[PDB]
Every structure is written in C-alpha cells, then in structure tokens.
Ligand SMILES: C[C@@H]1O[C@@H](O[C@@H]2[C@@H](O)[C@@H](O)O[C@H](CO)[C@H]2O[C@@H]2O[C@H](CO)[C@H](O)[C@H](O)[C@H]2O)[C@@H](O)[C@H](O)[C@@H]1O
Ligand SMILES: C[C@@H]1O[C@@H](O[C@@H]2[C@@H](O)[C@@H](O)O[C@H](CO)[C@H]2O[C@@H]2O[C@H](CO)[C@H](O)[C@H](O)[C@H]2O)[C@@H](O)[C@H](O)[C@@H]1O
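Residue numbers (PDB author numbering), protein chains in the order written: chain B, 224 to 529; chain A, 225 to 392, 395 to 529.
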C-alpha cells in the first residue's frame with residue numbers, strides 16, 4: 224500500500240497552522256502545566272482533518288458575515304457566514320467554523336466591507352476578544368471593537384483579516400494564552416467535538432513544536448505561537464491519504480548537504496510529534512534541514528536523545 | 225517520476241498573488257494587454273520564476289526598519305528578508321520574493337515591536353506601488369500611515385496586507403500592469419515571461435479571487451496562473467516534463483464525469499478551448515487530474 228511521506232520543505236518555507244504567518248523555528252519544552260489541545264493544525268497522518276482544521280493558512284482566524292452596531296458604541300456584532308459567503312450551519316459536528324481561533328486572546332486586524340450595489344468600500348482597525356462572552360462562533364456570531372461608530376452598513380458582506388495580538392495590563396505577557404481554548408458557544412454550553420489533548424507519555428519525552436512569533440499590535444503581548452503540524456503537512460497528509468502501518472512514524476531530521484541525521488522524533492499517527500528531551504530548547508538546525516520518514520514503530524520506541 | 229497535480233478543490237487553495245483564498249475559475253480574451261504576473265510563476269518540473277516563493281502568507285508582506293519622512297505621516301522601510309536577514313539587490317530577481325506584481329494601493333497594518341521592553345504597536349498603512357518611492361529592487365518602499373510619531377527607529381517592523389483602495395470608478399488597481407521595481411532609476415529586469423495562448427481557439431484559464439476593498443471604488447479582481455499549492459507541489463515533486471504540454475481533465479468525483487479538459491503548459495500556465503468571457507460553473511468537489519503528455523497542436527474539446 225501507498226508509502227507514507229512527509230514534505231521536504233524546510234521549516235522557514237512552511238506556515239503556522241494556527242495563525243496566517245510563516246514558521247520560524249523548532250522548539251521543545253515542558254507541557255505539564257498546560258492542557259495542549261489546539262483545534263487548528265490537527266490532522267491524522269492518514270489525512271483525516273480534526274477539530275476546526277481546514278486546508279489553507281490564509282483562512283485561519285479570518286471571519287466573514289454581515290454586521291450590526293452594538294447600541295451606540297464602537298462595537299459590532301458579526302453574523303457569520305462560510306468562507307464562500309454561504310450560510311453557516313451550527314448543527315455540523317465540529318467545535319466551531321473551520322479556521323476559528325483556538326486560543327484566548329485579543330486578535331487585531333482590519334474589518335473591511337463592500338456595498339454591493341455601488342462597489343464602495345471601507346476598512347477599520349478592529350479587535351476580536353476570544354475570551355469575551357460575546358465570542359460565540361459555534362452559535363454563529365462574534366463581536367468586534369472597532370475604530371468607528373457609524374461607517375459600517377447593515378446587510379453588506381464584511382471580512383475580518385487578522386494581523387496580530389494585543390495586551391492590556393500591568394502583568395506583561397499575560398495574554399494571549401495560547402493553550403487555553405475559548406468557549407465556542409460562550410456561556411450557553413460547553414465545547415463539543417474537540418480534537419483530543421496531546422501529551423508525552425514515555426519517560427524522557429516532550430512535544431516538539433513548530434514555532435512562530437505573532438505580530439504585536441498594542442501593549443505587551445505574549446507573541447509565542449506553537450503548532451503541532453505545519454499547515455503544509457496538514458495539506459500533504461490530506462491529499463496523500465497514505466495508510467498508517469503502526470501507531471508511530473519514526474522521522475529523522477537530516478542535513479541534505481552532509482547527509483547526517485541531526486535528531487530523530489516520533490510522529491504519532493493522530494498527528495503530533497514527540498522527542499527525547501527535558502526542558503526548554505530552541506533546536507539548533509541548519510536552514511536547509513528537513514524531516515524524512517524512515518519506518519513504522521510503536522509508542523514505546525526509545526529515541527536517541529536529542 | 226510520474227507528474228501529478230494536487231487533488232485539492234479550487235476553494236481549498238490559495239491565490240498565489242495575494243494572501244487570500246481562491247474563489248472561482250474564469251477564462252477570457254487577453255490579446256489586448258500583457259499578462260506577465262511575477263508571483264505564482266513556476267514550471268511543471270518545479271523551477272520557481274519571477275518573484276515567486278513558497279508560502280501564501282508571505283505574499284505582499286514587507287519587513288524592515290522604518291524612518292519617518294520629514295515630520296509627515298509617511299515612513300520609509302529599509303527592506304530585509306522574511307527572517308530579518310539581508311536582501312541582496314544584486315540577486316538576479318526582479319525584486320524581493322513576494323513583492324507585489326501589480327500597480328495599486330495596498331492597505332494593511334504596519335506593526336512594530338520594541339525589542340528592549342516588548343512594547344508593541346499597529347497603525348493603518350498604505351503602500352502605493354505606482355509611486356516613485358516604490359523601489360523594492362533598490363531595497364526600500366514608502367508607506368502612508370495614520371501616525372506621525374508612534375513608530376520608532378531601529379526596531380523590527382512588518383506590513384501585513386489586507387486589501388486595496390481607490391481614489392477618483396474601478397480604475398485602480400491595475401492587475402496586469404507591473405510596478406517599476408526600481409522606480410524612475412531603472413527598468414524592470416529578470417521577469418518571468420509574458421504569457422499568451424498560441425493555438426487558435428484557446429484562451430488562458432485564470433484562478434480568481436476578490437481582494438478586499440478598503441476605501442473608494444477599487445477593481446478587486448485578482449487572477450493568478452497557478453494556485454499557490456501547485457507552485458509548492460511542483461517545487462517538491464520536481465517531476466520531469468515529458469513534453470511541453472500536460473493534458474488535464476477537471477473531474478467531478480461524485481460521478482467520475484469529466485467537466486472539461488485543459489492544457490497545462492510546462493512553463494506554468496493553463497489554456498482552454500473557448501472564445502469570450504466566461505465564469506466557469508464547477509461542482510464543489512471538482513478537481514484537476516493529469517492524464518497524459520501531449521503537444522502544442524492537440525485540439526481540446528470545447529470547454
Ligand atoms: C505599549 C504601547 O502600546 C500602544 O499604545 C496604547 C494604545 O494602543 C492604546 O491601547 O492605549 C494605550 C494607553 O493609552 C496605549 O499605551 C500607551 O502608549 C504610550 C505611547 O503612545 C506610552 O507608551 C504609554 O506608556 C502606553 O501606556 C502603542 O501605540 C505604543 O507605542 C506602546 O507600544
Ligand atoms: C467610498 C467611501 O470610501 C471610504 O471613505 C473615504 C475615506 O476612506 C477617505 O479616503 O476619505 C474619502 C473622502 O473624504 C472617503 O470617501 C467618502 O466617504 C463618505 C462617507 O464617509 C461618502 O461616502 C463620500 O461619498 C466618500 O467620498 C469609506 O470609509 C466610505 O464608507 C465609502 O465607502
């Protein structure tokens with residue numbers, strides 16, 4: 224049956240699967256203090272999409288719909304539609320629309336709008352607070368704070384394009400909280416249909432993360448953003464749909480110039496990586512290095528230490 | 225190695241000329257103007273062309289340090305690469321990889337971090353690619369912003385694009403007019419070639435998106451020759467071309483029925499047999515499938 228592979232793209236050639244920005248580096252660290260349960264960048268090695276994961280990075284943390292002003296304030300409610308402007312279905316068995324933010328934080332960008340009848344357009348700086356009780360994407364609406372109280376029109380197609388994150392408070396880097404899921408239905412109900420939490424189980428192991436730095440837009444935010452799989456790996460597995468022959472795919476990270484293996488890791492078939500290391504470590508890698516699938520192993524495979 | 229194209233549907237893919245999803249397929253005449261985009265250019269055997277790079281999220285982004293123009297709201301950015309290292313103007317490319325390849329006013333947010341204390345900031349900003357100060361091949365561009373004092377010198381600064389504006395209707399942007407990458411100081415160099423159908427009865431097939439509009443009455447259509455995912459696929463696979471033309475069938479997998487066939491030229495663009503403007507009608511699960519290597523003279527069934 225179809226041989227399994229991972230892409231040959233280098234880390235810096237790839238994209239974060241949790242926000243529309245490039246990858247910067249590989250990082251491993253302790254996760255015992257967190258529940259690591261992201262909903263974007265979740266895909267099995269056989270190509271089954273999980274959580275809120277969809278196929279292109281450009282759609283992540285984007286929103287579309289019509290807007291109405293909240294009272295006489297600068298806030299606007301967006302009634303969500305799908306990526307292609309068709310109705311959103313809240314009864315679909317997913318946690319929230321595909322691409323919905325999967326962390327608690329205040330994401331800043333531009334809210335843009337076109338008036339269909341005459342082609343007039345407009346844009347305003349806007350922020351969505353995903354920890355707000357008004358963040359209810361599973362129910363079909365989210366709220367934005369904007370720089371206007373009267374320029375947006377009702378009944379017109381409106382898009383939010385994300386740019387970065389903000390923070391407010393004396394406790395610097397206290398938000399965003401990248402490992403805290405929002406309440407997709409607000410106070411109305413609990414989250415449903417989630418991709419599972421992941422954790423290392425084998426002695427001496429940690430998760431391996433693909434790390435980016437989100438742009439900061441105001442205050443003193445925590446800009447670190449870790450994903451479990453690059454977006455290009457999600458797309459690759461989805462298209463290849465190569466069957467998993469065991470629970471774990473052993474990958475070697477290779478320098479293509481010398482041919483030498485730098486380290487090895489375990490790609491679990493449910494779509495995340497562990498390495499043999501303890502503590503925070505920014506991996507020291509050559510920029511042309513890439514991952515290579517070598518063989519099908521089990522969960523108890525003892526890796527060469529990082 | 226057998227040549228293939230991705231099995232992704234149109235709406236699962238991204239525009240290779242701006243960081244937005246694909247929406248639809250369009251064919252029309254293009255004899256009256258020059259089709260020479262520089263992003264989304266790649267040969268079927270994986271050679272990147274023009275200003276093309278590998279991820280959609282880096283297109284029309286800019287990074288560098290900024291300095292205010294006088295005491296105005298405009299800022300000059302001295303460009304660096306995606307990972308904050310040197311841009312070399314002597315490299316034989318038209319401009320940095322990912323540079324905009326149309327004349328227009330692109331609006332987004334200009335963001336900055338002060339490294340010493342982690343303070344951050346963001347301001348609405350526009351880059352006019354038809355401006356004499358749009359000189360990315362020289363290493364700099366100019367932004368008009370909504371501040372005249374908040375940006376600091378010597379600090380990492382990023383422009384994230386969102387959409388386009390217009391002044392004066396739908397007269398700008400001009401998607402098929404390349405900017406002058408060196409301004410008035412020199413002519414464009416090292417360009418991916420202009421494209422045109424050569425076989426009678428054929429037209430280009432375009433992968434189309436709508437750029438968000440941010441002010442005025444802009445022309446929001448944006449057509450690319452190859453989805454970004456196809457660029458990335460060919461780059462990785464590097465499958466040899468057995469002729470100059472790959473025959474693709476667009477298939478509805480619900481039925482196994484072929485909806486239309488098209489020619490994917492080795493140098494990286496598609497033609498169909500049709501005369502006139504046409505918005506293609508496709509099922510949501512439709513996709514392109516490579517069937518065989520043929521020649522410039524193979525007659526396509528009418529689209
Ligand atoms: C940390 C600063 O963040 C940005 O400024 C903030 C505004 O975006 C908004 O949220 O209001 C707060 C408080 O009014 C702003 O913070 C103040 O900004 C000034 C500089 O203009 C001083 O730095 C104060 O100490 C901040 O409290 C951003 O525009 C600014 O440059 C800073 O990064
Ligand atoms: C077409 C309008 O575009 C946007 O408004 C423009 C501003 O973004 C800025 O460029 O200044 C111009 C002219 O002062 C603005 O155009 C006017 O906007 C008013 C409404 O505020 C009227 O529509 C005029 O006819 C425009 O000339 C945008 O915010 C606005 O909603 C319109 O789409």
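Note that beta-carbon positions come from the ideal geometry of N, C-alpha and C, so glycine has one too.
Can you find a heavy atom of ligand 1 that lies under 7 Å from the Cβ of residue i?
i: residue 502 of chain B; result: no
Hey, would you say the C-beta of residue i is under 7 Å away from at least one heavy atom of ligand 2?
i: residue 369 of chain B; result: no
If you check the beta carbons only, do residue i and residue j fall under 8 Å apart?
i: residue 428 of chain A; j: residue 520 of chain A; result: no
i: residue 269 of chain A; j: residue 460 of chain A; result: yes
i: residue 311 of chain A; j: residue 363 of chain A; result: yes
i: residue 425 of chain B; j: residue 290 of chain B; result: no
i: residue 244 of chain B; j: residue 441 of chain B; result: no
i: residue 454 of chain B; j: residue 238 of chain B; result: yes
i: residue 443 of chain B; j: residue 390 of chain B; result: yes
i: residue 236 of chain B; j: residue 278 of chain A; result: yes
i: residue 386 of chain A; j: residue 448 of chain B; result: no
i: residue 508 of chain A; j: residue 303 of chain A; result: no
i: residue 273 of chain A; j: residue 494 of chain A; result: yes
i: residue 328 of chain A; j: residue 415 of chain A; result: no
i: residue 348 of chain B; j: residue 492 of chain A; result: no
i: residue 526 of chain B; j: residue 487 of chain B; result: yes
i: residue 226 of chain A; j: residue 465 of chain A; result: yes
i: residue 283 of chain A; j: residue 263 of chain A; result: yes
i: residue 253 of chain B; j: residue 450 of chain B; result: no
i: residue 372 of chain B; j: residue 292 of chain B; result: yes
i: residue 251 of chain A; j: residue 529 of chain A; result: yes
i: residue 275 of chain A; j: residue 325 of chain A; result: yes
i: residue 475 of chain A; j: residue 515 of chain A; result: yes
State the CB to CB distance for the pair residue i and residue j, rounded to an integer number of angstroms; the pair is presumed to be in contact (CB under 8 Å).
i: residue 350 of chain B; j: residue 330 of chain B; result: 7 Å
i: residue 367 of chain A; j: residue 383 of chain A; result: 7 Å
i: residue 418 of chain B; j: residue 265 of chain B; result: 4 Å
i: residue 354 of chain B; j: residue 405 of chain B; result: 6 Å
i: residue 471 of chain B; j: residue 489 of chain B; result: 5 Å
i: residue 402 of chain B; j: residue 257 of chain B; result: 4 Å
i: residue 300 of chain A; j: residue 513 of chain A; result: The Cβ separation is near 45 Å, so there is no contact.
i: residue 473 of chain A; j: residue 517 of chain A; result: 5 Å
i: residue 430 of chain B; j: residue 259 of chain B; result: 6 Å
i: residue 335 of chain B; j: residue 344 of chain B; result: 7 Å
i: residue 281 of chain B; j: residue 280 of chain A; result: 5 Å
i: residue 337 of chain A; j: residue 307 of chain A; result: So it is not a contact: roughly 15 Å between Cβ atoms.
Q | chain A contacts from the stretch 439–455 of chain B (Cβ-Cβ distance under 8 Å) | A | 439, 440, 441, 442, 443, 444, 446, 455
Q: Anything in the stretch 328–342 of chain B with a Cβ closer than 9 Å to a Cβ of chain A? List those residues in chain order, please.
A: 331, 332, 333, 335, 336, 337, 341, 342
(Q) Considering only heavy atoms of ligand 2 and the C-beta of each residue, which residues fall inside 6 Å, strictly closer? (A) B/343, B/344, B/345, B/374, A/441, A/442
Q) Given a limit of 8 Å on CB to CB distance, which residues of the stretch 240–256 of chain B reach chain A? A) Taking 8 Å as the Cβ-Cβ cut-off, the stretch 240–256 of chain B approaches chain A at 243, 244, 245, 247, given in chain order.
Q.
Which residues of the stretch 343–355 of chain A have a Cβ closer than 8 Å to any Cβ of chain B? Give them in chain order.
A. 343, 344, 345, 346, 348
Q: Compile a chain-ordered list of the residues in the stretch 254–273 of chain A whose CB is closer than 8 Å to at least one CB of chain B.
A: none
Q: Note down, in chain order, all residues in the stretch 371–396 of chain B with a beta-carbon under 9 Å from any beta-carbon belonging to chain A.
A: 382, 384, 385, 386, 387, 388, 389, 390, 395, 396
Q: Note down, in chain order, all residues in the stretch 286–306 of chain B with a beta-carbon under 8 Å from any beta-carbon belonging to chain A.
A: 306
Q: Identify each residue in the stretch 487–511 of chain B for which the Cβ-Cβ distance to at least one residue of chain A is less than 7 Å, and report them in chain order.
A: none
**Q.** Cβ-based contacts, 8 Å cut-off: residues of the stretch 227–238 of chain A near chain B
**A.** 230, 231, 232, 235, 236, 237, 238
Q.
Closer than 9 Å between beta carbons: that is the criterion. Which residues of the stretch 460–471 of chain A meet it against chain B?
A. 461, 462
Q. If you measure beta-carbon to beta-carbon, which residues of the stretch 399–426 of chain B are closer than 7 Å to chain A?
A. none
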